[PDB]
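This document starts with one chain, in the form deposited in one PDB entry, laid out as structure tokens.
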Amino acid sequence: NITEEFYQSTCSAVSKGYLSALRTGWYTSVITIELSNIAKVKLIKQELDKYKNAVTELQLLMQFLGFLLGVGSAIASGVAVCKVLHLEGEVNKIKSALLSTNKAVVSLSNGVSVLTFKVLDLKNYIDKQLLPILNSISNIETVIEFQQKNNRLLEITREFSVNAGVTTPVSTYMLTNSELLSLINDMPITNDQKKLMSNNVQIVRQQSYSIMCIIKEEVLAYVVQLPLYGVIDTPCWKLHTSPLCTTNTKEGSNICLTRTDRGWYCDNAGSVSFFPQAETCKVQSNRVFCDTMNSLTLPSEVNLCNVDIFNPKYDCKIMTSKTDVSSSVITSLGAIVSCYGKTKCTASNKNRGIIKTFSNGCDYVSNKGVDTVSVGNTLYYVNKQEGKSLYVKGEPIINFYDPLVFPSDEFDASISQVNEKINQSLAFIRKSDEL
């Protein structure tokens, strides 16, 4: 299962063992609620005005390397469908197909065959239960049943109200679990995809959008926009990097280097999907949920940067500085510690206290027997996930650089770019020498 290697030479760690679940596409579907246009009945008269107020609100609704990412439009697929429902006869084409069945496909005269779904029939209820008796007296409940149907409308309306028509995650009121699962059952997708979504509906919900579309002809329509997971069960690995600095006694005489390529990496279609912001990803035990909108597509060679950062096949990205501050990175199965200067850095067991005091430099410790890590005044709990760690001994590459000609304000840089800068300044040095 989960494993982790630490590289002393580059102050970085890789956690492998994970399986992908990447949102690669969207599945849109039109969700409809049909509406009515209007002593134990005083309850019903109350709920009935809660009703009109919701309808009223609804009508008011009308009238390091992350900077390298592109810029999408997350709900462009859903709004594309909404804009079509505004065509005339298009709300009736839906209203007609959803007469004798609660789920139908409406060819929207735009290209898409959209799955339409009537989740709530208030129009029918109010007109075939409340309307005949509103012409004084109430039976049994009924009162209960209406309060339940209606409350859902109020919840949906409250969400669209506070979010100005677009919500996420998709609540159980936008789409109940039984509705969602039947939607999943009728998706043109592999059985693996269906079981993945069913075992993780709340994650699925979190990657979905609900877009308020239209109120017209006693019908409320919103578009639910669900994730397509086109990439599933491919290898994933997370890269943790921390500043690697020299440790000369004299303050400010030090140089530093950080691999800037931290994030999630997943094998994808012959390339590797890279996610520079490792919080656009959510881990569940050993399954990594990601969104390809927040990714770059890179050559698979990129993994060579961990094995060997000076390699000729991929140019590994680094940043440089003279800023030797202490800090820690909490990995999947341990902790990276960049201890510099006068800082007090330790690792501790819950019951025994400090078991390791860190030297200046960059070091690593596994969660096996260690509960917390301390850098300066910052206490970090480590992840207590079960796995195996490997410490890969090696000379910190920062020691291979002469501080005199080291370039120290590079951010969008790399190993070859830095060497190029060094060569250039050694050229100048050997040319003034001959003077």
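We call the rigid core the largest set of C-alpha positions that still match within 1.5 Å between the two forms. Numbers follow the displayed sequence, beginning with 1.
The same protein has a further form, the form deposited in another entry, not shown here; the description that follows concerns it.
Taking the core as reference between this form and the one not shown, the lone member of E301, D315, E141, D291 whose Cα moves by 2 Å or more is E141.
Residue displacement note: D371 has its CA displaced by under 2 Å between this form and the one not shown (rigid core superposed). Annotation: Cα of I44 displaced by at least 2 Å between this form and the one not shown, core superposition.
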